[PDB]
Every structure is written in structure tokens, then in C-alpha cells.
């Protein structure tokens, strides 16, 4: 159940990033960015399928996995800046980039800011271009859909979406996470039990949950205000050929999100995967890998 063996690189901003590096004798480079509640360990299934052909770097973002969290992040751009410092330290010059969920937001922000480094971009159930809002909760724990959270302090007070996660991390409560993931993600298929245990251990490594939720409510690369923050207009700067992967039963990132990304990205193709939720890796790995391989080989 142990995590993969990790490499470590110290960055000029005082963080030390943990990463997996596999397929080191291969030519084409692929960089993988995980999402919320996960680290690079959640890329295991993709890594196993692609490491025979690609030189893969899968990093733990600051405050996840085995990376440090010496300074707090305020935005997904903070993660993208870490990725830039990371690729500078390792002297990577061109690579393809794939991000899952919140990691799709980081990947988009990175690609907008560092166009000369990104050959191809793949977004997997990515957060949308106007971020991921949090609503106040009623006495039944249901969202009050005209009561929008706007500050980090409000996020820290949420007793349904936020407080129980912080408590589960403090108390190392894997059962809480198993219940949540079975309800929202692993609704039709689950990881094999040993892999699921590794994933649950991975969730407990997160040290920045509130900060990441704040970065998600304030993420906005569109041309329009999202109700919390104005848009940076940067989605128009993503000229890399982009594949938008979206599941037809993703209960975390609904289908309209991927359709909107493909619409607004300048150079994007949308693939909606049948019988697929937030984890294509568990719901349809073979089909997902074929789409990725075809995109990378184009």
C-alpha cells in the first residue's frame, strides 16, 4: 500500500517539491498535475500505462503528498509558478501537460503563462474557466444557491463541505473519505482494494485544504466576473492544441463545464466519455488512455 518512491527538488521560492519521474530513457516528456484531495499517487494507473513510451514527471503540488507547504498559496497561479520553477530546475524545455480537476485549472494557468513550454495540453475533468464556487449550507446540509461564499474565512466555517474534511485529516479518518468518494466519484466502479487504501492514505497528506478551496472560488481566466472576482481574460492565450476530456456522469464537474472549456479555448477538441464520472482512470482506463495516446502522437 506504500506510495511510489519519490524524488525531491528544492525551488528558489523555498519550497521542496516531491515528484515521481519514470520512463527516463524515453524522449517525449509528459508532465502530470493532480487535483484536490490527491497527490501524484493518484496518477498511478496512467503512469503504468504510459511510462513505457513517455518520460513522465508527476509532481506533488505544494501542500500535497510529500511536498512542503512553507508558504501558503492564494491562487492557482501560485501552483503554476511552482511548476515553472520546477521545470526550470530540471531544465525541461518542451513537454506535454495533463491536469485533472483542480489540476486542469493549474495546467490552463500554466499554459497561458508559459506558452513556449507546452506542446500539447490535456484537461481531464478540469475545473471550469470561472472556477468552482462554494455555497452556504442550510440546516439539511444542502446548498443555498443564492448565498455565495467569497472569503477564506467563510470557507473555514463551512460545517458540511470543509470542517468534516479538516477533522478527517486531523483524525486520519479514511472511512469519511471512502464514504465521500463512493458517493460522488466511485459511484459505479471502485479502485481495487489495495489501490483504494493507497489513495485514502494519499488524501490524508493534504495540508492546504482551505487555501485550495479559496483558490478555486477565485479562479477566473474568463472575460467575465464570476460573482466573486473579475476574469483575467487569459483563456484566450492558450493556443496549445488542447484535448478536453469530460465524463457524462461526473457529479463533481458536470458536462457543461467541459463543453464550455472547449468552446472558449482557441484550439480545443472535446471528448465526452460514455459511462464515466470524475475518475476516468477507474471508470474507463483503456478508452481514456487511447484518447491520450492519440493526442500525444498527433
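Residue numbers count along the first chain shown, from 1.
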query: Stretch with the higher entry mean CA B-factor, where the candidates are 108 to 116 and 91 to 99; finding: 91 to 99
query: 264 to 272 versus 26 to 34 - greater average Cα B-factor per the deposited record; finding: 264 to 272
query: Highest-ranked of 158, 197, 211, 78 once sorted by CA temperature factor in the record; finding: 158
query: Top Cα B factor in the deposited entry, candidates 246, 53, 232, 66; finding: 53
query: Relative C-alpha B-factor of residue 164, binned into the chain's lowest, middle or highest third; finding: highest
query: Third of chain Cα B-factors occupied by residue 279; finding: lowest
query: Residue 58 CA temperature factor, ranked by third within the chain; finding: lowest
query: Record-listed C-alpha B factor of residue 185: chain third; finding: lowest
query: Entry-reported Cα temperature factor of residue 154, expressed as the chain third it lands in; finding: highest
